[PDB]
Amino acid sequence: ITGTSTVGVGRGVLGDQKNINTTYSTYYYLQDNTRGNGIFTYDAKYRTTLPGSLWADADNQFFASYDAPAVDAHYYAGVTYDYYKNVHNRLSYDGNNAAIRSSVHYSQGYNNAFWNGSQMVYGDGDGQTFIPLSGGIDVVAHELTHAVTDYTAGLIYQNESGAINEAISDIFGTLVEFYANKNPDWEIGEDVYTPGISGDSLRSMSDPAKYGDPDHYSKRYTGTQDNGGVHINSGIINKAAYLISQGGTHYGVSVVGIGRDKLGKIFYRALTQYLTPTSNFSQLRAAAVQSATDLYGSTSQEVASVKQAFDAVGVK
């Protein structure tokens, strides 16, 4: 909408107060004009018709329980925009400052979030498996990263290319969580998963097998559920990325860690310059090796560590 840029204040899903960029024109709207061509947050009103209505508020204060998922979807989209711009010199998901759209209060008891080809969408959860999913910065960044992937490598959402698509979203979801630097970890979804159980998460990148996911190519899922295991076999790539950053010895293979920033540079370059829609795990290894070669040189520790990490997870 046309209006003037304003700054509201509210509380997110976990009860934390934050400022949010809004736009005033009769109402205060969840429209942040400070980033690209805007970040826009919508109310889906428990329905499945998208996007719903651009979020409108009478007083620019967002402290109602109903407001909390919108506050966080809006704010964390801004953090993720900042990560891509400041760290990778990428302007929004298309590289040309496309407007970023999110809807919250999607459906009833909806235990998930997604990128539908055009926008981000967040359920409220059923209060047992999840609380509103925009409360997790790694979830929000997972979603915006799907948009980045779709606009760049275009990884098809099945089998190995789809597991790479998933892992890329978990990797950059985690790197954004570290960028914001509030309780960062290598776990996925911990801030919104199972409010009645402490210390768990939906996936682990450091130990995928903790939640049943493979940590070696020899344990990959080969069936048809989950689009050929895209949320399962992502564990193999997530583990490789964790090892590149943090190091470790895994199935007897030692990896010298190179840190999160270099992991992010290598995988961002692989995603945007080398991967294609049908890339498989072996092709991801080659893309990561080449990306590290471009950035650090063929004889570098960074290249050697990429090779060690893929060796450790059985990907040649």
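We number the residues from 1 along the sequence you see.
The deposited model assigns a higher average Cα B-factor to 198 to 206 than to the other stretch when 238 to 246 and 198 to 206 are compared. Judged by mean Cα B factor in the deposited record, 222 to 230 ranks above the other of 222 to 230 and 128 to 136.
Ranking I39, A56, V256, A70 by Cα temperature factor from the entry places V256 first. Between the residues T48, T26, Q61, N33, the entry's highest C-alpha temperature factor is the one at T26.
In the deposited entry, the Cα temperature factor of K182 places it in the highest third of its chain's modelled residues. When the modelled residues of the chain are ordered by their C-alpha B factor, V289 lands in the highest third. Among the modelled residues of the chain, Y151 sits in the middle third by CA temperature factor in this PDB entry.
When the modelled residues of the chain are ordered by C-alpha B-factor, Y193 sits in the highest third.
Annotation for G212: C-alpha temperature factor in the highest third relative to the rest of the modelled chain, per the entry.
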